[PDB]
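Structure, as structure tokens:
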Amino acid sequence: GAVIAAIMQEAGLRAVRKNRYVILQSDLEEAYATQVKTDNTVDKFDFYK
Amino acid sequence: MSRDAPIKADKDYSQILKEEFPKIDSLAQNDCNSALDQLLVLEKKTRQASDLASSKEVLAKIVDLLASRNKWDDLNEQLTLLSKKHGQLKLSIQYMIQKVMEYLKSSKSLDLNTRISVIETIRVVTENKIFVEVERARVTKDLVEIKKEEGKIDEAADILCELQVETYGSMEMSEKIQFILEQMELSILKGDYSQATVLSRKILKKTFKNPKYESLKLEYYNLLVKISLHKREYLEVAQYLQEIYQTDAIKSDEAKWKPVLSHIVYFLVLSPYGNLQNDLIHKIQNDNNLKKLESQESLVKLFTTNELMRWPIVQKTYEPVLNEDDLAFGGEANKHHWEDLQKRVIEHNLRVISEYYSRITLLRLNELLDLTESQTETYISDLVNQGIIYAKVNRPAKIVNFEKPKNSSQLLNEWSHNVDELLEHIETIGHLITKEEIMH
């Protein structure tokens, strides 16, 4: 539930940049993209596959 | 770039081919291809510097042809092809483009040129990131002006609105304001006002502080008067004209402020009550420069102070006066801002009569307002939803009781206080009797 609260708040940060008082789905999709891709273990797990 | 060998050697060759500059020219007059073949060689080098010298020659050659639409396609294309491969570094070829781009502008003397030129420029810059992007938009923008005289005014406006939202770091603050102002105007002409609100907020009011930006400050706020006036928010419209009056250029000069103050009074009135509305129209009531005009001065005065007035007699006063002043009442969709003036007059009379008259027959109230029975009831109702006044209107049409029926406790409270004021009043009086008699 926390990440989703972070999503609206970070989207409405992006609202100010874009210079709107409204949040659109484009804002939401970037809010989604990041804050959920932490660490790299991709390489390590090549040899633990 | 690398090693110390390319700086010297490459430069040395460009000198040698610049001594052989008349040779390239003479062949160009006989056939384009012969001299073209020379430019290809020149713009393959490894030092960035030797291509600066050589990118004069690329511009000059097509100038000697003068200039040929078919040949135009290729020159701009060759550049694009050289950019992807290397360009002697991708940063290098962007300054080359910048040189040839001035030529495109000044070549312009046909429709024919303008059309071909926008097709080459849009493509080049999609992979670039500098000042090239400002210039592309600008030349595109010549075809926009031309599109205005067509049915393509909606379309062109759109193409262009997109572009300037990307903030280039290459623009100066003064250029940044100007380019966004152009977008705001195109949206009026498009007839999309949703786009315009996004562009108004893009630039800020906190970018205008120094007298450099004075000019663009004036155009900025003037543009917002229209955007709003279409959405019919009349208080906001007053506000922009008030900021123009705060501008130093309008303040200083007697002539400039004349229609601006006149206009200020009109949209403040057209705004329906609000307490913010009141303090702004009283501020203007103090102003000295208004008192020289007598038409605006009587108008402001009427609406501020509490009066009873009748609509066809006020209409008769300001029909040959204010209604014929354009950009207020004399425009076409300002005929319906004139119609609006009536609503504001009959709401003024409703507010006054609410306070002073505790009860009045409905039959009477109709007469004073200059309305029919039906339109009186609906106006009372709307103004009771909006929570300002309170009444109880009978449908048999006996009375209207403009009062909100007073509460038991408050009445008693009010009475107890009056008795304390009588006793205080006598207690103070007795002292002053003593004072006067003895001094006599």
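Labeling convention for the structure tokens: chains A, B, ... as they appear, residues from 1 per chain, ligands from 1 in order of appearance.
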
Compute the set of chain B residues within 7 Å of chain A, using only C-alpha atoms, and express it as number ranges by chain. B: 198, 201-202

I want to know what sits within 12 Å of residue 33 in chain A, based on only C-alpha atoms, with residues of the same chain fewer than 5 positions away left out; could you give that as a PyMOL selection string? chain A and resi 3+7+10-11+26-28+38

At a cut-off of 10 Å, using only C-alpha atoms, what residues contact residue 221 in chain B? Leave out same-chain residues fewer than 3 positions from it and give the result as a ChimeraX atom specification. /B:200,205,216-218,224-226,237,239-244

Selection export as a short mmCIF file (atom, residue, chain, number, x, y, z; two decimals), in the first residue's frame, atoms kept: N, CA, C and O atoms:
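See selection-v1.cif below for the written result:
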data_model
loop_
_atom_site.label_atom_id
_atom_site.label_comp_id
_atom_site.auth_asym_id
_atom_site.auth_seq_id
_atom_site.Cartn_x
_atom_site.Cartn_y
_atom_site.Cartn_z
N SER B 200 0.39 28.80 -20.24
CA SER B 200 0.43 29.94 -19.36
C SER B 200 1.24 29.61 -18.15
O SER B 200 2.04 30.41 -17.62
N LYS B 205 5.35 33.94 -13.19
CA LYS B 205 5.28 35.36 -12.91
C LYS B 205 6.52 35.79 -12.20
O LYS B 205 6.72 36.99 -12.02
N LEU B 216 7.88 41.81 -22.41
CA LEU B 216 7.27 40.50 -22.58
C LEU B 216 6.25 40.26 -21.44
O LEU B 216 5.33 39.48 -21.66
N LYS B 217 6.39 41.00 -20.32
CA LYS B 217 5.44 41.03 -19.20
C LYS B 217 4.14 41.55 -19.64
O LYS B 217 3.12 41.07 -19.16
N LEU B 218 4.11 42.56 -20.52
CA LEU B 218 2.89 43.21 -20.97
C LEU B 218 2.08 42.25 -21.86
O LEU B 218 0.86 42.12 -21.76
N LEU B 224 -3.57 36.48 -21.25
CA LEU B 224 -4.35 35.78 -20.29
C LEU B 224 -5.80 36.39 -20.13
O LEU B 224 -6.69 35.69 -19.72
N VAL B 225 -5.95 37.71 -20.44
CA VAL B 225 -7.24 38.45 -20.44
C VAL B 225 -8.17 37.74 -21.37
O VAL B 225 -9.28 37.47 -20.99
N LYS B 226 -7.72 37.40 -22.59
CA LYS B 226 -8.58 36.74 -23.59
C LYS B 226 -8.97 35.33 -23.23
O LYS B 226 -10.13 35.04 -23.38
N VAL B 237 -10.01 38.31 -15.03
CA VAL B 237 -9.81 39.24 -16.12
C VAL B 237 -9.50 40.56 -15.56
O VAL B 237 -8.58 41.22 -16.05
N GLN B 239 -8.04 41.30 -12.72
CA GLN B 239 -6.78 41.03 -12.11
C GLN B 239 -5.68 41.18 -13.03
O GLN B 239 -4.68 41.78 -12.56
N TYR B 240 -5.77 40.76 -14.34
CA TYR B 240 -4.63 40.86 -15.23
C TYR B 240 -4.46 42.36 -15.60
O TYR B 240 -3.32 42.88 -15.70
N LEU B 241 -5.57 43.11 -15.85
CA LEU B 241 -5.50 44.49 -16.29
C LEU B 241 -4.90 45.33 -15.15
O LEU B 241 -4.16 46.32 -15.38
N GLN B 242 -5.10 44.87 -13.89
CA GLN B 242 -4.64 45.54 -12.70
C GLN B 242 -3.17 45.34 -12.64
O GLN B 242 -2.49 46.30 -12.30
N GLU B 243 -2.66 44.16 -13.05
CA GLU B 243 -1.18 43.94 -13.07
C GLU B 243 -0.40 44.74 -14.08
O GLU B 243 0.80 45.04 -13.89
N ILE B 244 -1.01 45.08 -15.32
CA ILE B 244 -0.60 45.86 -16.45
C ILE B 244 -0.52 47.27 -16.00
O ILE B 244 0.43 47.89 -16.36
#

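What separates CA of residue 377 in chain B from CA of residue 232 in chain B is a distance of 24.5 Å.
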
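Comparing the minimum interatomic distances between residue 324 in chain B and each of B:257, B:311, B:338, B:13, counting only C-alpha atoms, we find that B:338 sits nearest.
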
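In this model, the gap between CA of residue 132 in chain B and CA of residue 98 in chain B comes to 6.4 Å.
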
Residues of range 17-74 of chain B classed as alpha helix (DSSP H) by DSSP on the backbone are to be reported as an MDAnalysis selection string. chainID B and resid 21:30 32:42 49:65 69:74

Written file, previous selection with N, CA and C atoms, as a short mmCIF file (atom, residue, chain, number, x, y, z; two decimals), in the first residue's frame:
data_model
loop_
_atom_site.label_atom_id
_atom_site.label_comp_id
_atom_site.auth_asym_id
_atom_site.auth_seq_id
_atom_site.Cartn_x
_atom_site.Cartn_y
_atom_site.Cartn_z
N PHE B 21 40.24 26.96 -54.11
CA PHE B 21 38.87 27.43 -54.12
C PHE B 21 38.32 27.93 -55.50
N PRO B 22 39.02 28.70 -56.42
CA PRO B 22 38.43 29.18 -57.68
C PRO B 22 38.13 27.99 -58.63
N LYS B 23 38.91 26.92 -58.65
CA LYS B 23 38.72 25.75 -59.34
C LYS B 23 37.43 25.07 -59.11
N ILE B 24 36.97 24.91 -57.88
CA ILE B 24 35.71 24.34 -57.49
C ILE B 24 34.51 25.14 -58.04
N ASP B 25 34.61 26.48 -58.00
CA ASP B 25 33.62 27.43 -58.47
C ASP B 25 33.35 27.36 -59.98
N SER B 26 34.42 27.29 -60.78
CA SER B 26 34.37 27.38 -62.21
C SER B 26 33.67 26.19 -62.84
N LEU B 27 33.96 24.95 -62.24
CA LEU B 27 33.37 23.70 -62.55
C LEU B 27 31.92 23.67 -62.14
N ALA B 28 31.50 24.31 -60.99
CA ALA B 28 30.18 24.35 -60.49
C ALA B 28 29.27 25.06 -61.49
N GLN B 29 29.79 26.04 -62.29
CA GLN B 29 29.00 26.77 -63.24
C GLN B 29 28.63 25.92 -64.44
N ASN B 30 29.59 25.07 -64.86
CA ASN B 30 29.39 24.07 -65.96
C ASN B 30 28.47 22.99 -65.56
N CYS B 32 26.53 20.92 -61.80
CA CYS B 32 26.62 20.81 -60.35
C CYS B 32 27.46 19.67 -59.83
N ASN B 33 27.34 18.45 -60.35
CA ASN B 33 27.99 17.25 -59.90
C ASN B 33 29.45 17.26 -59.81
N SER B 34 30.16 17.98 -60.71
CA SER B 34 31.60 18.06 -60.77
C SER B 34 32.14 18.73 -59.55
N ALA B 35 31.53 19.88 -59.19
CA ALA B 35 32.03 20.60 -58.00
C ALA B 35 31.60 19.98 -56.70
N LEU B 36 30.42 19.24 -56.70
CA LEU B 36 29.81 18.60 -55.56
C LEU B 36 30.70 17.54 -55.01
N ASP B 37 31.32 16.82 -55.93
CA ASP B 37 32.24 15.73 -55.75
C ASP B 37 33.40 16.14 -54.91
N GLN B 38 33.93 17.40 -55.06
CA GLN B 38 34.88 18.02 -54.17
C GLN B 38 34.51 18.21 -52.69
N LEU B 39 33.21 18.46 -52.32
CA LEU B 39 32.67 18.75 -50.98
C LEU B 39 32.66 17.48 -50.08
N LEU B 40 32.50 16.30 -50.75
CA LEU B 40 32.44 15.04 -50.21
C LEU B 40 33.72 14.70 -49.59
N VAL B 41 34.81 15.00 -50.32
CA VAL B 41 36.15 14.73 -49.86
C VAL B 41 36.49 15.55 -48.61
N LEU B 42 36.08 16.88 -48.66
CA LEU B 42 36.43 17.89 -47.67
C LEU B 42 35.90 17.59 -46.25
N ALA B 49 38.19 21.09 -36.42
CA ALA B 49 38.58 22.38 -36.92
C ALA B 49 38.65 22.56 -38.44
N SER B 50 39.20 21.58 -39.15
CA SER B 50 39.42 21.71 -40.62
C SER B 50 38.13 21.66 -41.35
N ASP B 51 36.99 21.16 -40.69
CA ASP B 51 35.62 21.04 -41.21
C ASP B 51 34.89 22.37 -40.98
N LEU B 52 35.30 23.21 -40.07
CA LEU B 52 34.73 24.55 -39.93
C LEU B 52 34.92 25.38 -41.17
N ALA B 53 36.18 25.34 -41.62
CA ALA B 53 36.69 26.00 -42.87
C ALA B 53 35.95 25.47 -44.10
N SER B 54 35.70 24.11 -44.03
CA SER B 54 35.19 23.44 -45.17
C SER B 54 33.73 23.54 -45.24
N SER B 55 33.01 23.91 -44.18
CA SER B 55 31.54 23.95 -44.17
C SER B 55 30.98 25.22 -44.67
N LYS B 56 31.88 26.20 -45.02
CA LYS B 56 31.71 27.50 -45.75
C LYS B 56 31.52 27.07 -47.16
N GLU B 57 32.29 26.08 -47.62
CA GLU B 57 32.38 25.70 -49.05
C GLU B 57 31.17 24.95 -49.53
N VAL B 58 30.57 24.19 -48.53
CA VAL B 58 29.35 23.42 -48.72
C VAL B 58 28.22 24.42 -48.92
N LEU B 59 28.18 25.59 -48.10
CA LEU B 59 27.15 26.61 -48.13
C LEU B 59 27.29 27.40 -49.46
N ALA B 60 28.53 27.78 -49.84
CA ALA B 60 28.87 28.58 -51.03
C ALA B 60 28.59 27.98 -52.35
N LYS B 61 28.75 26.70 -52.48
CA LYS B 61 28.58 25.98 -53.72
C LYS B 61 27.15 26.07 -54.29
N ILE B 62 26.16 25.87 -53.41
CA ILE B 62 24.75 25.80 -53.78
C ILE B 62 24.22 27.20 -53.97
N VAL B 63 24.93 28.23 -53.42
CA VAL B 63 24.66 29.62 -53.59
C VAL B 63 24.97 30.06 -55.02
N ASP B 64 26.11 29.50 -55.68
CA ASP B 64 26.62 29.73 -57.02
C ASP B 64 25.71 29.10 -58.10
N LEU B 65 25.11 27.90 -57.78
CA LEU B 65 23.98 27.35 -58.49
C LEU B 65 22.77 28.23 -58.43
N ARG B 69 15.76 23.22 -56.34
CA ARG B 69 14.97 22.55 -55.35
C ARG B 69 15.36 21.09 -55.20
N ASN B 70 15.64 20.47 -56.40
CA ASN B 70 16.18 19.16 -56.56
C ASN B 70 17.55 19.06 -55.89
N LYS B 71 18.46 20.06 -56.08
CA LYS B 71 19.77 20.04 -55.49
C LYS B 71 19.73 20.20 -53.97
N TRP B 72 18.67 20.87 -53.42
CA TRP B 72 18.46 21.28 -52.05
C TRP B 72 18.26 20.04 -51.27
N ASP B 73 17.60 19.03 -51.81
CA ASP B 73 17.26 17.83 -51.11
C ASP B 73 18.52 17.07 -50.69
N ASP B 74 19.43 16.98 -51.68
CA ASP B 74 20.66 16.31 -51.49
C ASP B 74 21.56 16.91 -50.52
#

Go ahead and compute the interatomic distance for CA of residue 282 in chain B and CA of residue 388 in chain B, in Å to one decimal. 19.8 Å

10 Å contact set for residue 8 in chain A, only C-alpha atoms, chain neighbours under 4 positions out, as a list in words: residues 3, 4, 12, 13, 14, 23, 27, 28, 31 and 32 of chain A
